[PDB]
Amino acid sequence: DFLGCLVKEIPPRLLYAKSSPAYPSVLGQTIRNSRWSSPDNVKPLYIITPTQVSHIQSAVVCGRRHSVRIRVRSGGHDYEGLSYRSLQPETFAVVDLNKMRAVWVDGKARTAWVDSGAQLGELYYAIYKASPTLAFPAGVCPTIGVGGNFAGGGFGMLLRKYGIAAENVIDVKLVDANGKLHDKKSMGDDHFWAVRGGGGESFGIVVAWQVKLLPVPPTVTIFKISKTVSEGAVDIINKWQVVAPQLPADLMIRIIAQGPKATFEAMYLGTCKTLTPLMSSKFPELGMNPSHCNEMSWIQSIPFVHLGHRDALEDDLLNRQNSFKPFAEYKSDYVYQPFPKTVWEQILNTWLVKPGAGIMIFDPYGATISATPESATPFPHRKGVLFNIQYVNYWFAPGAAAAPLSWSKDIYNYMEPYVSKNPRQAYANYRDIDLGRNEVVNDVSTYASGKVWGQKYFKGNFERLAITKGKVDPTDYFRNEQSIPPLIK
């Protein structure tokens, strides 16, 4: 009867039963992790692909009426696949927002409305079409969905200049657990605060986000400078941890470290001419010179930073043919105090070259991201943060998991004394189920279980998130294994 309920309001075109011949390709289209696409993963009973907001409301009403929970999917990047799989057998539908990819840019007001189903590449491209001197601070990977990226916070190469995506959202269109359509005004301050950074799923289905668009110069400068240990990587990184978080807001230098080399990748909101003396003055250890400069427009920096590409702009931002589906494991940490130089020695000399070693990505904070009060948004990793670490393990055959998974665990153990503690902070969008998962009692996720992983992602904000959840979704309709549990008065 679920199908009959849906088809009353939604075209058959947009309803994919699990038995449907079209269902496997719709399911797989935006799966980004080969661990979660294989037949042993728990599959949704139905996938619904709305093209307008009433289809979302209808699906929710139908879901409530027929006791079918919904997991919403935008770009499909969830590290645990929680947008399209459950961990244990469960009946659920996926509401897959991929056909709702509209981006309307008001270049004059410097605001834009973007559907959650858009990918970052489509958002970024539409901004560029409106103006060569406007930008929006979200993720690095162009295939990330707006929905998940904004709901969990969202950060990238502009985080030092403008903070996270979520703190630059000025309104939303959202469907709640009752199928009611909300904006900022009708949902109220608590719900609007929660939705912008408090994690995907928990607070309802965001249909579209209104954002403020921010200035960038017509030319930005990117560099990618690699250092092995004999070229000085240990001393350069030992300096970087102090220097990079204190650099002017216009300069962000992230690190990608894999095997024998650390690649220092910078985006500077300016020219080589001003970048050169700044580097020689503030970060001379890197040996940056004008030859390392790549001047281009902001929009051009997106494929450049992520892929190294210089002339497939539309392909890199706009292509929706997946084709990158590693088996992948991810973890993250936040660092508040400088590592001893000997820890960098262990990381670069032993950890990164062990069997199963992954990639370590280091993003420096400070400036704007750290200026924002910790409780101002649900994202708490702000004042005092030196840098974020992401531990990324890829493998490419189903039987090759043992070594990377073991390295991932062992390194997280090794790093424990040097990273944040009590709670050990982690970024919500770097979803890591090993941080803890919910217990469900009487069909409702418990506060006590949610608190364990919840304080890691959201620290002191977890409480306001759970109280908000209690008000907007007391029966815990919109949930997953690591979603905000209701705390009800």
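Sequential numbering from 1, following the sequence displayed.
Return whichever of 231 to 239 and 143 to 151 has the greater mean Cα B factor according to the PDB record.
In the deposited entry, the stretch with the higher C-alpha B-factor mean is 231 to 239.
Got a sec? Mean C-alpha B-factor, which is higher, 186 to 194 or 102 to 110?
Mean B over CA atoms: larger for 102 to 110.
What's the residue among 390, 368, 202, 319 with the greatest CA temperature factor in the PDB record?
Of the candidates given, the C-alpha B-factor peaks at 319.
Out of 420, 461, 38, 449, which shows the largest CA B-factor listed in the entry?
That would be 38, according to the entry.
Which third, lowest, middle or highest, does the CA B-factor of residue 311 fall in along this chain?
Top third by C-alpha B-factor.
Could you tell me which third, lowest, middle or highest, the C-alpha B-factor of residue 17 occupies within its chain?
Answer is middle: the recorded C-alpha B-factor places it there.
Chain-relative CA temperature factor third for residue 355
Highest third, going by the recorded CA B-factors of the chain.
Relative C-alpha B-factor of residue 67, binned into the chain's lowest, middle or highest third:
Highest third - that is where residue 67 ends up once the chain's C-alpha B-factors are sorted.
Compare the C-alpha B factor of residue 90 with those of the other modelled residues in its chain, then answer lowest, middle or highest third.
It falls in the top third of the chain.
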